[PDB]
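Asker: My questions will all concern the structure given below.
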Amino acid sequence: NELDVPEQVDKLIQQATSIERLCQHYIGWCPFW
């Protein structure tokens, strides 16, 4: 089934294009991906 039930997650993920740019740029720690 669509194991992708997490919603605020998918949005966050879809919006993680930033949080990723943050760590990778400022810090560099984004393993939750």
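Everything in the sequence shown is counted per UniProt numbering, starting at 2438 for the first residue and increasing by one. Idealized CB from N, CA, C, for every residue including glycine.
Can you grab the Cα-Cα spacing for the pair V2442 / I2450, in whole Å?
Answerer: Here the question's residue 2442 lines up with position 5 in the sequence shown. Here the question's residue 2450 lines up with position 13 in the sequence shown. Roughly 13 Å separates the two Cα atoms.
Asker: Suppose you measure from the CA of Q2452 to the CA of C2467; what does that come to, to the nearest Å?
Answerer: On the sequence shown, position 15 is the one that residue 2452 refers to. On the sequence shown, position 30 is the one that residue 2467 refers to. Whole-angstrom Cα-Cα distance: 14 Å.
Asker: Any chance the CB of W2466 is under 8 Å from a heavy atom of the ligand PLP?
Answerer: This structure lacks the ligand PLP; in fact it carries no ligand of any kind.
Asker: List the endpoints of the continuous alpha helix (DSSP H) containing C2460.
Answerer: In the sequence shown, the residue the question calls residue 2460 occupies position 23. Element bounds for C2460: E2444 to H2462.
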